[PDB]
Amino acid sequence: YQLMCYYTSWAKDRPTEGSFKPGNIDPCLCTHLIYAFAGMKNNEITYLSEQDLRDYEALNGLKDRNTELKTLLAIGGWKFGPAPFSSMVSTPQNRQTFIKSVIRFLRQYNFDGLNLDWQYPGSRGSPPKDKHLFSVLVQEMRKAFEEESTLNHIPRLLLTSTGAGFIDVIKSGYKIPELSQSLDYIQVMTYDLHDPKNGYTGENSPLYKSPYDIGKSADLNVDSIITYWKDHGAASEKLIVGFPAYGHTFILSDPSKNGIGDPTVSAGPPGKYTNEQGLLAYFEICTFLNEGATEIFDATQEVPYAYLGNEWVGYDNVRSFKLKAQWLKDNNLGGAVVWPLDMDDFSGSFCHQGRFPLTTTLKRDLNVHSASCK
């Protein structure tokens, strides 16, 4: 099984005890480290800031301790949006400029591959034709990686892509059989399933649906999403399940109605370290629990939630990671991807469950072993 772990460039910029640097990632913990994010300039991949080059060096230097460790560079993300990718895939000339810049960039900065994270082809303004053009880009990029490998007599660069977790978004943007042929891995975005706009508490990444989830809500769970990708032609061993190291928060309409599916006023206030309304890192949730929040493990969805007064959080813990890891193995999936590793308890001081408790649960249960680490 694979165990991929994201490192986000902004994690080192969080205040005081929340700051986490890439050089402090345990090199034996994951099979792949993914750096979020690279940007684009004139149809060429590039760094977002010159300081990212120092992060690339620290991240890639971990391969000197774990010689089997692989590193990927992620381009895109929610904030970047669809427009740069739409322009880049629009012509063969722009795709060639991009593919050539990727090979050159990955090799010069010692990355083992690229993670495409276009959010999303075919939606958010991206036209219907981008479903076909994204598949063309992926085929052409895989072919160029094979040709570079043969020309230089070195292992081929890896090619991965994120995959939407929302059915309508999957339908309008992904030619699943073609993408599965050319990609090494598909990182399925099995998280942010809390449906913030419906006015009820919802889980971030439940394994199974709530019996109260009706219609489109019934597909907002790991089991339903992965089943959809498999039913539509994705290779099971190429599927990498998204494991969030954070939760989503809500302000309860009534503090006495504190279960899943209960009425909400708004997303919860930003955390001291992550500073994003409606989100708390796993390390911040540990503080919330230590400061008196009531912890409930919902067996119907196989995920926890916690509440304190009118503040409610739906998240993942050691137990939910354990149960999803067994389900992953039972379903012959390719592995897991921790999103983001920097929101797990990287120091061991917030949760007192040792360093990286969520990720360590996956390393142990997915039998991740490197010959270089024994």
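Just count from 1 along the sequence shown to find any residue number.
Would you determine, from the values in the PDB entry, which of 222-230 and 264-272 has the greater average C-alpha temperature factor? Higher mean C-alpha B-factor in the PDB entry: 264-272.
With respect to the recorded C-alpha B factors, which stretch has the higher mean value, 193-201 or 299-307? Going by the record's values, the stretch with the higher mean is 193-201.
Please work out which residue in 135, 160, 249, 150 has the highest C-alpha B-factor recorded for this crystal structure. The listed residue with the largest C-alpha B-factor is 150.
Residue selected from 334, 340, 314, 348 by maximal Cα B factor: Comparing C-alpha B-factors across 334, 340, 314, 348, the maximum falls on 348.
When the modelled residues of the chain are sorted by Cα temperature factor, does residue 178 land in the lowest, middle or highest third? Answer is middle: the recorded C-alpha B-factor places it there.
If you rank every modelled residue in this chain by C-alpha B factor, which third holds residue 289: lowest, middle or highest? Ranked within chain, residue 289 CA B lands in the middle tercile.
Residue 68's Cα B-factor: lowest, middle or highest third of the chain? According to the entry, residue 68 has a C-alpha B-factor in the chain's highest third.
Against its chain's modelled residues, does residue 37's Cα B factor rank lowest, middle or highest third? According to the entry, residue 37 has a C-alpha B-factor in the chain's middle third.
Using the temperature factors of the C-alpha atoms in this entry, rank residue 361 within its chain: lowest, middle or highest third. For residue 361, whose C-alpha B-factor we compare with every modelled residue in the chain, the answer is the middle third.
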